[PDB]
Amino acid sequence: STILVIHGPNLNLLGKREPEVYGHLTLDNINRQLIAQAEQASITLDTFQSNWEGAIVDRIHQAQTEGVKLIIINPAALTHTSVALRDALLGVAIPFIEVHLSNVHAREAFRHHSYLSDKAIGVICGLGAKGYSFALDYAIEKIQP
């Protein structure tokens, strides 16, 4: 794969309770949109979601051996807690863009601390699922001349 999209814990819940509370959009809808968007630029894109920190770190190591040129990651809650994830990304030295659906600054003060943002190329928060599209747009421009 060329672009790898990673989703952290609890994102599999998007759409799954009370459609109005969070709308109808699902994690699979988001993935579909991104696959199609990368097919239109003739880029191979893969995706991965897990609630387990270990699997996400294993996934990043595998990305190195697969030739991935850029990670788009929504670490979800792990932004605030996971030094392991920081070190997996630095270790394999694949550039990444951090994405959040919601504005994390608008929430509890503990959510203003990150172990990832300072090492990301850039960060997009609060723009919903479209944040991933923009991230992908950026990555496509930067990867093909």
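All residue numbers refer to positions in the sequence shown, first residue = 1. Just so we're on the same page, rigid core means the largest C-alpha set that superposes within 1.5 Å between forms.
Practice task
Consider 127-135 and 16-24 separately and indicate which one has Cα atoms farther, on average, from the shown form in 8 other deposited structures of this protein after rigid core alignment.
Solution key: Once the core is superposed, the stretch further away in 8 other deposited structures of this protein is 16-24.
Practice task
May I ask you to compare 65-73 and 22-30 by their mean CA B factor in the entry and name the higher one?
Solution key: According to the PDB entry, the answer is 22-30.
Exercise for the section: Determine, for stretches 134-142 and 3-11, which one has the higher mean CA B-factor as deposited. Expected result: Result: 134-142.
Handout entry: Candidate residues 55, 89, 83, 104, the one whose C-alpha B factor the record puts highest
Key = That would be 104.
Problem - Selection by C-alpha B-factor (highest) of 59, 112, 100, 119 - result: Result of the comparison over 59, 112, 100, 119: 112.
Exercise for the section: Comparing against every modelled residue in the chain, figure out the third that the C-alpha B-factor of residue 42 lands in (lowest, middle or highest). Expected result: Highest third, going by the recorded CA B-factors of the chain.
Exercise for the section: Would you mind ranking residue 93 by its C-alpha B-factor against the rest of the chain and naming the third, lowest, middle or highest? Expected result: According to the entry, residue 93 has a C-alpha B-factor in the chain's middle third.
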